[PDB]
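In: give the three-dimensional model of this entry:
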Amino acid sequence: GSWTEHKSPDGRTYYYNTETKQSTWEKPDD
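Out: Numbers count the residues shown, from 1 in each chain. Okay, here it is:
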């Protein structure tokens, strides 16, 4: 449980893991 939900300034909700310092467009439970 270390995934932060942040949306781009263009209107794109993306998830970013603080543990792996990675980012994705799909939920962490894909």
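In: run through who's touching the helix or strand harbouring residue 23.
Out: Residue 23 belongs to strand 22-24 when assigned by DSSP states H and E. Counting by Cβ atoms under 8 Å, 6 or more residues apart in numbering, strand 22-24 makes contact with 14, 15, 16, 17, 30, all of which sit outside it. (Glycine included, C-beta is placed from N, CA and C.)
In: change it to 10 Å
Out: 3, 4, 6, 8, 14, 15, 16, 17, 30 (Cβ atoms under 10 Å, 6 or more residues apart in numbering).
In: in PyMOL, select just the buried ones from those.
Out: In PyMOL, this line selects whichever of the contacts of strand 22-24 come out buried by 16 or more other Cβ atoms under 10 Å:
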select buried, resi 3+15
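In: can you add distance to residue 23 and secondary structure and give the contacts of strand 22-24 back as TSV?
Out: Converted to TSV, those look like this (distance: Cβ to Cβ, whole Å; DSSP: H, G, I helix; E, B strand; the rest coil):
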residue	distance to residue 23	secondary structure
3	10	strand
4	10	strand
6	8	strand
8	10	strand
14	6	strand
15	7	strand
16	4	strand
17	8	strand
30	13	coil
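In: need the max-distance pair from the contacts of strand 22-24.
Out: Largest separation among these by Cβ to Cβ: 8 and 30, giving 18.7 Å.
In: residues in contact with the most centrally placed residue in the chain?
Out: By Cα atoms, centre = their mean, the mean C-alpha position of the chain lies nearest to residue 15, the distance being 0.8 Å. Going by Cβ under 10 Å, 6+ apart, residue 15 touches 3-7, 22-30.
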